[PDB]
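Working notes for the structure below.
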Amino acid sequence: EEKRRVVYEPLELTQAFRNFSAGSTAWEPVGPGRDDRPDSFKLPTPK
Amino acid sequence: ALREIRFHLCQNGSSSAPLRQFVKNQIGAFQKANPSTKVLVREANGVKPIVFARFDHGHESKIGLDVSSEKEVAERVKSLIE
Amino acid sequence: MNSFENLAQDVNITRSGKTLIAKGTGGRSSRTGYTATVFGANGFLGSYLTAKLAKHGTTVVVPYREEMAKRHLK
Amino acid sequence: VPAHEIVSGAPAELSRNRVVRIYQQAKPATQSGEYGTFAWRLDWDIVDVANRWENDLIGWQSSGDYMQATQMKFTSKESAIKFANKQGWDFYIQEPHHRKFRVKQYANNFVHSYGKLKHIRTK
Amino acid sequence: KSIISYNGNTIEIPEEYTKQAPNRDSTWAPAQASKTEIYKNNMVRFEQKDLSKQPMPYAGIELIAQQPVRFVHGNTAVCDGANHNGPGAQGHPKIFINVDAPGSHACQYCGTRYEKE
Amino acid sequence: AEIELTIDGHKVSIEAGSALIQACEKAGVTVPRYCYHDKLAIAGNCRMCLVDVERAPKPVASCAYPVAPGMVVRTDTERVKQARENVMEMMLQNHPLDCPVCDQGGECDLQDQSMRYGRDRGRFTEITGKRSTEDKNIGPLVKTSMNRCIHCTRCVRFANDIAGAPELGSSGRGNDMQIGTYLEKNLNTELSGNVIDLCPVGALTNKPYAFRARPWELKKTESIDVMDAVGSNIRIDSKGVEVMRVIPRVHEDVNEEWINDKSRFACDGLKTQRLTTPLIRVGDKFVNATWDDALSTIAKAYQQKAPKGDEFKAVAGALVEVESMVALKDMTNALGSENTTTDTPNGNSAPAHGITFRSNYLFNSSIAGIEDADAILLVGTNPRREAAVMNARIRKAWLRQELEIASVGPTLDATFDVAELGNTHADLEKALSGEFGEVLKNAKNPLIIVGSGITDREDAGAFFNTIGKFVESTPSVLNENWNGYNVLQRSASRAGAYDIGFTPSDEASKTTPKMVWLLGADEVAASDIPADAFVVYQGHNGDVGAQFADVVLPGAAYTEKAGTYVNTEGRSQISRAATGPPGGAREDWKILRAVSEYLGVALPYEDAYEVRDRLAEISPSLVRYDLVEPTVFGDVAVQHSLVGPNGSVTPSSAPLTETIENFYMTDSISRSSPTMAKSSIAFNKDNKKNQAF
Amino acid sequence: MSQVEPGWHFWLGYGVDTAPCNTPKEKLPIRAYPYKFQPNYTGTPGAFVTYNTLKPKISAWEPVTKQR
Amino acid sequence: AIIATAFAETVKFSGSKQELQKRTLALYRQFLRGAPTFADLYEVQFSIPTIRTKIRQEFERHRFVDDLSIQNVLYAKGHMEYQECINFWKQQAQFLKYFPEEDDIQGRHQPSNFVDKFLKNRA
Amino acid sequence: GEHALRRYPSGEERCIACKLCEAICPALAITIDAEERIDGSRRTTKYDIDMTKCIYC
Ligand SMILES: NC(=O)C1=CN([C@@H]2O[C@H](COP(=O)(O)OP(=O)(O)OC[C@H]3O[C@@H](n4cnc5c(N)ncnc54)[C@H](OP(=O)(O)O)[C@@H]3O)[C@@H](O)[C@H]2O)C=CC1
Ligand code: SF4
Ligand code: SF4
Ligand code: SF4
Ligand code: FES
Ligand SMILES: [Zn+2]
């Protein structure tokens, strides 16, 4: 109101953002998977 | 000094060998020579030999003890005490 | 960061013995701890005074006569 | 070390008066899973005035520190140090602690005692 | 009734609005702010306001304290808080309460008290 | 020597005789487990850790199966997946549907391993329902919900083997097997709270913490405990402005993964009795005041009082950080005073072991040194109260190897056999000239542990003389590979205080101060302050000194600043601020900087980098964090500081007494804690709940 | 519209076929407290005044002097 | 097709610092010449010399940057800002972000020494 | 539509402060505080919804 204009100021939040990613799992969830490569695109094994 | 002396020296460093000898041999002589001063010996790996003295109202002075002999170590010490 | 340009210090004692602790850096979400009443706040000078007070988060009590005339102060 | 500070557009105070910590998460004492302990976290030390205060209307926790919830993840301590230098951030490295290995044998629960038992193992 | 403010002035509040709930005078949790403290700290926003219109829910702790103990033959009572009139799953997760120790034992979810007999 | 085997195709090399789960962990293969734990005896009762071994026909328990050369192990077979599902099915069938009300929820290994390895849905719909269990009262610290217990026996193994508290056990048999004490007995041990961490489920929980938070909403900060001088590494879990709980983190050379009950539960003392605004005495009452008012009042009292030289006395308490002590000393010296004292009895005079070499007041054998011990002499020291986790360390060493332990001083309730040699200095003279002296002469890793409480005696030099002579003789006790001389500090600030030389001059102990500055100093008495003295108290809690003060300044607590602390080992450790200080409180070194500017003597550092510099100026080891380095001056120190100056000291006839009367309340935070007061009444010796017979 | 009592509000929006007065006893809520209906009081002295139901998280020391 | 707008310059990273110096001085000339157009578009209280002074201060800030890539980015962004200002794409509110000093005194207490900063918990 | 907190037929609150609503809330509109009630129950001491943050999902 003093300046009669939209002004920019350093950010201040009435409620700070709460980041809940601290609760991510302590155990590896999925594992390695499986490979779907065709046999014509795998290096051969000797004998 | 009048009130405080601090010896910083390495434990394994070669540049600190004269300082190590000085402490090891003449620390008791120094303590008796200056009975009211408070003397501290502190060691750490990367640090260069140095001595601090604290005279009065917080005034301090320091000199580096990268030297050759114990004699010269005590020379630098006595110079700084003056 | 914002500042409390109006305050000399962070802890304040009123003459009436209330202890006021300023919270935050001084912006819109900060509070000085003071409470003020501004009679005639909807007028020419009062609106500027109310803007300056509310900017740093001192609580402003505005007595008014006509409702529509004070809305901008909010 | 390129001074990317001056091209990012971040506030100057970030590379002037803020300190970051680079570390690995400690193994939690409550769980046996270690899945969160391998990444290198980078996060900001708190600022006293701006960290958190109680809102006088409803009681929410306000903040003036825009970095308070930000945490970067790096695949190595060296990647994290490189990034911090490239942003002009003053940092501290907290070296991780690991469990010292020892040999454990179930049979040790039943070793014959030649003198007085020091304690009764119970199972 | 009369609450002394930080200003040193007096706030008058009718006795009935100082009660934490209509069915209970005092707080039921250490962290819970009392009505007196609420008025002392928020009186500015209560001026020219009608207290009788404000929400005044009944305190559940007295209500659950009014429910009679259920007596059970064995060592274990089972509770689920189910609604036998409606369809679907309307209670709480079904749990089992040990009643071997003397006295009554409360359901963790709904507060219903069971006892061996 | 190391042998070699294969796990999931990978090649792993491990020491012979190690358990298969250890090799799996080394080779980076994850194996689910409940009853196994790295610090407890192997149990093998949960059956979650089954793997296939080609020689074995049926799956084996990984945690209890010794590795052998050429072993081939598969953790990923269809049989192993099936077994994991079967075991989880059996584990969940009587487990209570409690997750919404259970404190373990969100940090629960049962939940997580159900998700990772179990069925997605259960098959158990029996109309007779589940087993239920009585709840059990074992004191005010550990709340029990025993429906949740999965019978892993971690709590029992910890309570028996590690803490030495055999009251805990398992009663009955089969389905009705119950963890407990079989009758109403407290789980009475200073290490008890650790079982809350060890319980994989919500069966044993933190009672003061109950229901207040979920793990996903907590900021986690790695920091340092200051309840004793061990410097246990901790994680502080906070939300917004308040600290919710304190948990151990692993430091194998300090606390290994344990903390004591004070470190765990005195945190609630940080949200009550706090100092939030400056106070000024006016008559018999304090009045709130601005910082400018209070600092000006200190300055005016200094001008009026006009202390010359050592009439400005500075006292440092048990909890203060090194930066604050350094700033206070620098300002005090710039005032012309050498009267920088410690807060302990006879701390007006200098300590009798000296300050010249660090090895004269430290645990020269590292904490880890206790693992190598073959004989230990305890001199005026009850480790179970002074350093609880180190007491556990001694017990572990005693249990696993032959080791002889004797003590001179008060009879101590110990978790290991001790030989009592008497409570007097004459008894010490007899012992070091007798059979235990010979034991020490003959041993490979001896150590003599001297308590910080002997230093506080008037006759302290006598003791330090006796020990010193003995040490200067016996090569096994002090040689170039092993220093067996040890001083065990009890307060987190003492080692750093001696490090910076926060010690009075000889002439300073004569003078009667006109101005006293207490820095977290709450051991002070009425007698220690002159009536005419102007007293400034700087702290975070209102306990004792604040009551004695003329001006009270609110300072930050240890959870609110990034401070340096030196533990008994001489290890310099750095903490991290979890929250900011409450109200109008301030970081303490900044308080001292401001007040020195009000006094004319404005200190030369106003920034954190400059303070760390100044610290490096005072002692280079204060900035070398988490490092322990031996002294090259071990022989010089003993002669120059212990045997040299202490000849004239005459020994008293007074017996050695217990250093700390109550373990549970020792400093301002613990004495501000409702949990510590409750526990002090609950765990008293004269209470039958704490009496096995 | 806020003067319409709950239940009737659902019926008026074709939520339920049967009106509240016609609903059998088994499908009514049991209350252990007295039921009171109150409409929207916004723009009125009876408008809801929100507040923090917690006392502050940090409690200050009550200052007490002692004599030396 | 999709054609460029008024005062658009295709992005070209100069291979040499001298060839960038030419472009940079040309951009400075463009800013100085547009100053009166700026004062008309954005209805500013202050004078044309104040605008030109501000422009000089902006260009001064990067007077000692050495790495060619960083100078290239600083130039390309400075040209973006010129295009934004000269086309009236900015409103007054964002344009006046550049002139914080032109606003009046924010209050009686802007601390400079340690004690004043410490009394406001900003030490 | 507008949110409400329900009771059991006895009059006891149903909410036991598990905080699952607070965790799932896509708008972070819920703020919860809890501790042990003087009768031992797990119950909320604070349950707030910012209706101007809520997305009514
Ligand atoms: N502007 C000038 O040059 C000068 C002004 N002053 C004084 O400054 C003060 C405010 O200045 P200014 O902003 O310009 O004046 P305004 O007329 O703009 O505002 C005056 C305020 O006083 C209120 N007011 C007037 N009469 C009454 C009344 N019976 N009851 C309640 N409120 C009333 C008005 O409320 P409402 O809107 O409801 O009518 C209004 O809010 C005045 O006291 C004025 O005498 C003196 C020196 C210079
Ligand atoms: S112990 Fe784990 S699985 Fe069991 S109720 Fe608690 S959170 Fe749920
Ligand atoms: S109480 Fe916990 S630690 Fe003890 S046996 Fe049961 S599940 Fe294991
Ligand atoms: S906290 Fe939320 S999800 Fe949990 S019981 Fe209460 S209302 Fe339901
Ligand atoms: S961890 Fe191996 S059987 Fe329990
Ligand atoms: Zn129920």
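Labels for the structure tokens follow display order: chains A, B, ..., residues from 1 in each chain, ligands from 1.
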Checklist entry - Which residues, written as number ranges by chain, have at least one atom at most 12 Å from residue 54 in chain G, with only C-alpha atoms counted and residues fewer than 2 positions away on the same chain left out? => result D: 54-60; E: 27-35, 37-38, 41; G: 51-52, 56-58; I: 32-35, 44-48
Next on the checklist: Give me, as a list in words, the set of residues whose atoms come within 10 Å of any atom of ligand 1, counting only C-alpha atoms and all ligand atoms.
Outcome noted: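 These are the residues that qualify: residues 38, 39, 40, 41, 42, 43, 44, 45, 46, 47, 48, 49, 62, 63, 64, 65, 66, 67, 69 and 70 of chain C.
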Can those selected residues be exported to a file as an mmCIF file, in the first residue's frame so that it contains N, CA, C and O atoms?
data_model
loop_
_atom_site.group_PDB
_atom_site.id
_atom_site.type_symbol
_atom_site.label_atom_id
_atom_site.label_comp_id
_atom_site.auth_asym_id
_atom_site.auth_seq_id
_atom_site.Cartn_x
_atom_site.Cartn_y
_atom_site.Cartn_z
ATOM 1 N N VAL C 38 -5.404 1.836 16.378
ATOM 2 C CA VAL C 38 -5.263 3.046 15.578
ATOM 3 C C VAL C 38 -6.665 3.603 15.369
ATOM 4 O O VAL C 38 -7.419 3.105 14.525
ATOM 5 N N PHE C 39 -7.028 4.625 16.139
ATOM 6 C CA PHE C 39 -8.276 5.333 15.883
ATOM 7 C C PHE C 39 -8.127 6.200 14.640
ATOM 8 O O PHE C 39 -7.137 6.921 14.487
ATOM 9 N N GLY C 40 -9.111 6.132 13.751
ATOM 10 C CA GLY C 40 -9.004 6.828 12.487
ATOM 11 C C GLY C 40 -8.076 6.170 11.495
ATOM 12 O O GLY C 40 -7.445 6.864 10.696
ATOM 13 N N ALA C 41 -7.978 4.838 11.523
ATOM 14 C CA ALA C 41 -7.049 4.128 10.653
ATOM 15 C C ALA C 41 -7.498 4.095 9.199
ATOM 16 O O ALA C 41 -6.661 3.899 8.317
ATOM 17 N N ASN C 42 -8.790 4.266 8.921
ATOM 18 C CA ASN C 42 -9.246 4.185 7.539
ATOM 19 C C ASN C 42 -9.002 5.470 6.760
ATOM 20 O O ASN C 42 -9.205 5.477 5.544
ATOM 21 N N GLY C 43 -8.554 6.535 7.418
ATOM 22 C CA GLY C 43 -8.332 7.807 6.766
ATOM 23 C C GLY C 43 -7.011 7.887 6.018
ATOM 24 O O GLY C 43 -6.321 6.895 5.783
ATOM 25 N N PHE C 44 -6.655 9.121 5.657
ATOM 26 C CA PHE C 44 -5.505 9.367 4.789
ATOM 27 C C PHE C 44 -4.192 8.950 5.452
ATOM 28 O O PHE C 44 -3.423 8.166 4.888
ATOM 29 N N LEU C 45 -3.926 9.449 6.661
ATOM 30 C CA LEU C 45 -2.694 9.092 7.362
ATOM 31 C C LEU C 45 -2.784 7.698 7.982
ATOM 32 O O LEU C 45 -1.795 6.945 8.004
ATOM 33 N N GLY C 46 -3.969 7.345 8.484
ATOM 34 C CA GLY C 46 -4.130 6.099 9.210
ATOM 35 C C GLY C 46 -3.845 4.877 8.363
ATOM 36 O O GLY C 46 -3.332 3.880 8.859
ATOM 37 N N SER C 47 -4.185 4.934 7.079
ATOM 38 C CA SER C 47 -3.971 3.781 6.218
ATOM 39 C C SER C 47 -2.486 3.504 6.024
ATOM 40 O O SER C 47 -2.060 2.344 6.040
ATOM 41 N N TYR C 48 -1.680 4.557 5.872
ATOM 42 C CA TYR C 48 -0.234 4.377 5.809
ATOM 43 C C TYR C 48 0.310 3.842 7.122
ATOM 44 O O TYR C 48 1.158 2.941 7.132
ATOM 45 N N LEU C 49 -0.163 4.390 8.243
ATOM 46 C CA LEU C 49 0.326 3.911 9.531
ATOM 47 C C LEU C 49 -0.017 2.437 9.734
ATOM 48 O O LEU C 49 0.817 1.653 10.203
ATOM 49 N N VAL C 62 -8.387 -2.074 14.602
ATOM 50 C CA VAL C 62 -8.914 -0.959 13.833
ATOM 51 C C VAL C 62 -10.376 -0.760 14.210
ATOM 52 O O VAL C 62 -11.237 -1.564 13.854
ATOM 53 N N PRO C 63 -10.685 0.279 14.981
ATOM 54 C CA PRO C 63 -12.086 0.666 15.185
ATOM 55 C C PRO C 63 -12.588 1.442 13.975
ATOM 56 O O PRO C 63 -11.912 2.344 13.481
ATOM 57 N N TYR C 64 -13.770 1.079 13.490
ATOM 58 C CA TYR C 64 -14.307 1.666 12.273
ATOM 59 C C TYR C 64 -15.780 1.994 12.461
ATOM 60 O O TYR C 64 -16.457 1.443 13.330
ATOM 61 N N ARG C 65 -16.271 2.894 11.612
ATOM 62 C CA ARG C 65 -17.693 3.213 11.556
ATOM 63 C C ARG C 65 -18.387 2.519 10.388
ATOM 64 O O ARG C 65 -19.319 1.740 10.600
ATOM 65 N N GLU C 66 -17.932 2.752 9.163
ATOM 66 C CA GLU C 66 -18.546 2.159 7.982
ATOM 67 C C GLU C 66 -17.686 1.005 7.476
ATOM 68 O O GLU C 66 -16.488 1.179 7.233
ATOM 69 N N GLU C 67 -18.316 -0.159 7.292
ATOM 70 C CA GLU C 67 -17.589 -1.387 6.977
ATOM 71 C C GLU C 67 -16.826 -1.286 5.659
ATOM 72 O O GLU C 67 -15.610 -1.516 5.619
ATOM 73 N N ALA C 69 -15.569 0.958 4.012
ATOM 74 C CA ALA C 69 -14.457 1.888 3.957
ATOM 75 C C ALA C 69 -13.163 1.323 4.533
ATOM 76 O O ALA C 69 -12.096 1.863 4.234
ATOM 77 N N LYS C 70 -13.209 0.267 5.347
ATOM 78 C CA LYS C 70 -11.965 -0.211 5.938
ATOM 79 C C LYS C 70 -11.388 -1.437 5.235
ATOM 80 O O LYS C 70 -10.291 -1.874 5.595
#
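Considering only C-alpha atoms and all ligand atoms, the residue among D:29, D:72, D:106, D:83 positioned nearest to ligand 5 is D:106.
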Checklist entry - Counting only C-alpha atoms and all ligand atoms, what residues are within 9 Å of ligand 3, given as a VMD selection string? => result chain F and resid 34 to 35 144 to 158 169 to 170 178 to 180 195 to 204
Store the residues of this selection in a file with N, CA and C atoms, as an mmCIF file, in the first residue's frame.
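What ended up in part-v8.cif:
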data_model
loop_
_atom_site.group_PDB
_atom_site.id
_atom_site.type_symbol
_atom_site.label_atom_id
_atom_site.label_comp_id
_atom_site.auth_asym_id
_atom_site.auth_seq_id
_atom_site.Cartn_x
_atom_site.Cartn_y
_atom_site.Cartn_z
ATOM 1 N N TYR F 34 15.024 -61.474 11.956
ATOM 2 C CA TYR F 34 14.475 -60.857 13.156
ATOM 3 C C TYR F 34 15.339 -61.066 14.389
ATOM 4 N N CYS F 35 15.682 -62.304 14.728
ATOM 5 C CA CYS F 35 16.328 -62.520 16.017
ATOM 6 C C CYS F 35 17.822 -62.213 15.981
ATOM 7 N N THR F 144 5.029 -51.533 27.762
ATOM 8 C CA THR F 144 4.916 -52.830 27.114
ATOM 9 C C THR F 144 3.552 -53.006 26.463
ATOM 10 N N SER F 145 3.559 -53.618 25.284
ATOM 11 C CA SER F 145 2.360 -54.044 24.568
ATOM 12 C C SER F 145 2.661 -55.448 24.050
ATOM 13 N N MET F 146 2.411 -56.453 24.886
ATOM 14 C CA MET F 146 3.047 -57.744 24.663
ATOM 15 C C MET F 146 2.283 -58.629 23.689
ATOM 16 N N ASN F 147 1.096 -58.211 23.247
ATOM 17 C CA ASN F 147 0.471 -58.873 22.109
ATOM 18 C C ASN F 147 1.373 -58.837 20.885
ATOM 19 N N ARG F 148 2.141 -57.762 20.726
ATOM 20 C CA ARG F 148 3.005 -57.566 19.571
ATOM 21 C C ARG F 148 4.270 -58.415 19.598
ATOM 22 N N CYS F 149 4.646 -58.978 20.744
ATOM 23 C CA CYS F 149 5.930 -59.664 20.860
ATOM 24 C C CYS F 149 6.010 -60.847 19.902
ATOM 25 N N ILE F 150 7.110 -60.935 19.163
ATOM 26 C CA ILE F 150 7.324 -62.041 18.244
ATOM 27 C C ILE F 150 8.373 -63.021 18.777
ATOM 28 N N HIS F 151 8.731 -62.912 20.059
ATOM 29 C CA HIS F 151 9.570 -63.894 20.753
ATOM 30 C C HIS F 151 10.954 -64.037 20.119
ATOM 31 N N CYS F 152 11.543 -62.922 19.690
ATOM 32 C CA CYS F 152 12.869 -62.963 19.085
ATOM 33 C C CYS F 152 13.968 -63.129 20.128
ATOM 34 N N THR F 153 13.668 -62.834 21.390
ATOM 35 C CA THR F 153 14.554 -62.886 22.561
ATOM 36 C C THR F 153 15.706 -61.892 22.497
ATOM 37 N N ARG F 154 15.635 -60.851 21.663
ATOM 38 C CA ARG F 154 16.689 -59.840 21.680
ATOM 39 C C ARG F 154 16.750 -59.126 23.020
ATOM 40 N N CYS F 155 15.590 -58.787 23.585
ATOM 41 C CA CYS F 155 15.560 -58.067 24.853
ATOM 42 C C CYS F 155 16.204 -58.887 25.961
ATOM 43 N N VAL F 156 15.920 -60.186 25.996
ATOM 44 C CA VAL F 156 16.473 -61.052 27.030
ATOM 45 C C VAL F 156 17.985 -61.174 26.879
ATOM 46 N N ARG F 157 18.462 -61.390 25.651
ATOM 47 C CA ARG F 157 19.900 -61.505 25.436
ATOM 48 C C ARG F 157 20.619 -60.210 25.790
ATOM 49 N N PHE F 158 20.039 -59.063 25.433
ATOM 50 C CA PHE F 158 20.655 -57.796 25.808
ATOM 51 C C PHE F 158 20.661 -57.608 27.319
ATOM 52 N N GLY F 169 13.362 -62.448 31.369
ATOM 53 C CA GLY F 169 13.438 -63.798 30.847
ATOM 54 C C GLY F 169 12.159 -64.190 30.139
ATOM 55 N N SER F 170 12.046 -65.482 29.833
ATOM 56 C CA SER F 170 10.854 -66.044 29.211
ATOM 57 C C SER F 170 10.274 -67.134 30.099
ATOM 58 N N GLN F 178 5.979 -66.321 27.542
ATOM 59 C CA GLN F 178 5.871 -64.875 27.696
ATOM 60 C C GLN F 178 7.193 -64.268 28.132
ATOM 61 N N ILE F 179 7.587 -63.186 27.464
ATOM 62 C CA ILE F 179 8.706 -62.376 27.919
ATOM 63 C C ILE F 179 8.260 -61.546 29.114
ATOM 64 N N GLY F 180 9.092 -61.488 30.143
ATOM 65 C CA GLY F 180 8.749 -60.717 31.326
ATOM 66 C C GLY F 180 9.664 -61.068 32.487
ATOM 67 N N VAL F 195 16.689 -51.508 25.030
ATOM 68 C CA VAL F 195 15.792 -52.556 24.558
ATOM 69 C C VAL F 195 14.711 -51.986 23.649
ATOM 70 N N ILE F 196 14.337 -50.716 23.829
ATOM 71 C CA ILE F 196 13.360 -50.116 22.929
ATOM 72 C C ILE F 196 13.882 -50.130 21.500
ATOM 73 N N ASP F 197 15.166 -49.814 21.310
ATOM 74 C CA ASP F 197 15.737 -49.915 19.972
ATOM 75 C C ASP F 197 15.793 -51.364 19.507
ATOM 76 N N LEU F 198 16.066 -52.292 20.422
ATOM 77 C CA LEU F 198 16.342 -53.658 19.994
ATOM 78 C C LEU F 198 15.074 -54.408 19.619
ATOM 79 N N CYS F 199 13.967 -54.122 20.296
ATOM 80 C CA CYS F 199 12.690 -54.746 19.998
ATOM 81 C C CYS F 199 12.291 -54.438 18.561
ATOM 82 N N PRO F 200 12.237 -55.452 17.697
ATOM 83 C CA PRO F 200 11.881 -55.210 16.294
ATOM 84 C C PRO F 200 10.464 -54.706 16.112
ATOM 85 N N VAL F 201 9.608 -54.896 17.106
ATOM 86 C CA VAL F 201 8.190 -54.597 17.013
ATOM 87 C C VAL F 201 7.868 -53.584 18.100
ATOM 88 N N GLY F 202 6.595 -53.255 18.260
ATOM 89 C CA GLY F 202 6.209 -52.274 19.252
ATOM 90 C C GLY F 202 5.960 -52.847 20.630
ATOM 91 N N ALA F 203 6.509 -54.034 20.906
ATOM 92 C CA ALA F 203 6.292 -54.672 22.201
ATOM 93 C C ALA F 203 6.902 -53.856 23.337
ATOM 94 N N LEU F 204 8.092 -53.305 23.130
ATOM 95 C CA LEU F 204 8.743 -52.448 24.113
ATOM 96 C C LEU F 204 8.931 -51.069 23.503
#
For chain A against chain C, which residues fall within 12 Å using only C-alpha atoms, given as a PDB file with N, CA, C and O atoms, in the first residue's frame?
ATOM      1  N   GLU A   1       0.820  -1.207   0.000  1.00  0.00           N
ATOM      2  CA  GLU A   1       0.000   0.000   0.000  1.00  0.00           C
ATOM      3  C   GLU A   1       0.855   1.258   0.000  1.00  0.00           C
ATOM      4  O   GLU A   1       0.497   2.250  -0.644  1.00  0.00           O
ATOM      5  N   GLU A   2       1.980   1.246   0.724  1.00  0.00           N
ATOM      6  CA  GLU A   2       2.856   2.416   0.741  1.00  0.00           C
ATOM      7  C   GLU A   2       3.340   2.759  -0.658  1.00  0.00           C
ATOM      8  O   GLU A   2       3.340   3.928  -1.053  1.00  0.00           O
ATOM      9  N   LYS A   3       3.767   1.752  -1.414  1.00  0.00           N
ATOM     10  CA  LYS A   3       4.273   1.934  -2.762  1.00  0.00           C
ATOM     11  C   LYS A   3       3.192   1.845  -3.825  1.00  0.00           C
ATOM     12  O   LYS A   3       3.456   2.203  -4.976  1.00  0.00           O
ATOM     13  N   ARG A   4       1.997   1.371  -3.468  1.00  0.00           N
ATOM     14  CA  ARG A   4       0.909   1.138  -4.421  1.00  0.00           C
ATOM     15  C   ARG A   4       1.321   0.179  -5.533  1.00  0.00           C
ATOM     16  O   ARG A   4       1.065   0.432  -6.710  1.00  0.00           O
ATOM     17  N   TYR A   8       8.106  -7.736  -4.381  1.00  0.00           N
ATOM     18  CA  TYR A   8       8.784  -9.008  -4.184  1.00  0.00           C
ATOM     19  C   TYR A   8       9.611  -8.945  -2.908  1.00  0.00           C
ATOM     20  O   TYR A   8      10.266  -7.938  -2.637  1.00  0.00           O
ATOM     21  N   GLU A   9       9.562 -10.012  -2.120  1.00  0.00           N
ATOM     22  CA  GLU A   9      10.200 -10.072  -0.815  1.00  0.00           C
ATOM     23  C   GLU A   9      10.746 -11.471  -0.573  1.00  0.00           C
ATOM     24  O   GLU A   9      10.328 -12.429  -1.229  1.00  0.00           O
ATOM     25  N   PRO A  10      11.701 -11.614   0.350  1.00  0.00           N
ATOM     26  CA  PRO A  10      12.205 -12.950   0.690  1.00  0.00           C
ATOM     27  C   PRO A  10      11.111 -13.838   1.261  1.00  0.00           C
ATOM     28  O   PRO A  10      10.260 -13.391   2.030  1.00  0.00           O
ATOM     29  N   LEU A  11      11.162 -15.113   0.891  1.00  0.00           N
ATOM     30  CA  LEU A  11      10.086 -16.044   1.204  1.00  0.00           C
ATOM     31  C   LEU A  11       9.943 -16.263   2.707  1.00  0.00           C
ATOM     32  O   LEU A  11      10.927 -16.474   3.417  1.00  0.00           O
ATOM     33  N   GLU A  12       8.702 -16.228   3.178  1.00  0.00           N
ATOM     34  CA  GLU A  12       8.347 -16.526   4.557  1.00  0.00           C
ATOM     35  C   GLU A  12       7.039 -17.303   4.545  1.00  0.00           C
ATOM     36  O   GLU A  12       6.056 -16.844   3.962  1.00  0.00           O
ATOM     37  N   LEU A  13       7.021 -18.471   5.172  1.00  0.00           N
ATOM     38  CA  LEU A  13       5.869 -19.362   5.127  1.00  0.00           C
ATOM     39  C   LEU A  13       5.224 -19.462   6.500  1.00  0.00           C
ATOM     40  O   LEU A  13       5.907 -19.729   7.491  1.00  0.00           O
ATOM     41  N   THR A  14       3.910 -19.243   6.546  1.00  0.00           N
ATOM     42  CA  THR A  14       3.167 -19.355   7.797  1.00  0.00           C
ATOM     43  C   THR A  14       3.236 -20.773   8.345  1.00  0.00           C
ATOM     44  O   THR A  14       3.343 -20.979   9.557  1.00  0.00           O
ATOM     45  N   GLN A  15       3.163 -21.762   7.469  1.00  0.00           N
ATOM     46  CA  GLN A  15       3.492 -23.135   7.816  1.00  0.00           C
ATOM     47  C   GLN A  15       4.623 -23.589   6.908  1.00  0.00           C
ATOM     48  O   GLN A  15       4.487 -23.563   5.683  1.00  0.00           O
ATOM     49  N   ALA A  16       5.740 -23.985   7.511  1.00  0.00           N
ATOM     50  CA  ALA A  16       6.865 -24.497   6.744  1.00  0.00           C
ATOM     51  C   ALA A  16       6.483 -25.787   6.031  1.00  0.00           C
ATOM     52  O   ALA A  16       5.685 -26.583   6.527  1.00  0.00           O
TER      53      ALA A  16
END
Checklist entry - Running DSSP on the backbone, which parts of range 62-115 of chain H land in alpha helix (DSSP H), as a PyMOL selection string? => result chain H and resi 68-86+92-95+114-115
Item to check | Residue hits in chain D, query chain A, radius 8 Å, only C-alpha atoms, as a VMD selection string | outcome: chain D and resid 31 to 36 52 55 60 to 66 69
Checklist entry - If you count only C-alpha atoms and all ligand atoms, which residues end up within 7 Å of ligand 2, as a list in words? => result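 So the residues close to ligand 2 are residues 95, 96, 97, 98, 99, 102, 103, 104, 105, 106, 108, 109, 110, 111, 148, 201, 202 and 203 of chain F.
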Next on the checklist: Give me, as number ranges by chain, the residues of chain B touching chain F, with the criterion being at most 7 Å (counting only C-alpha atoms).
Outcome noted: B: 11, 24, 28, 39-44, 56-58
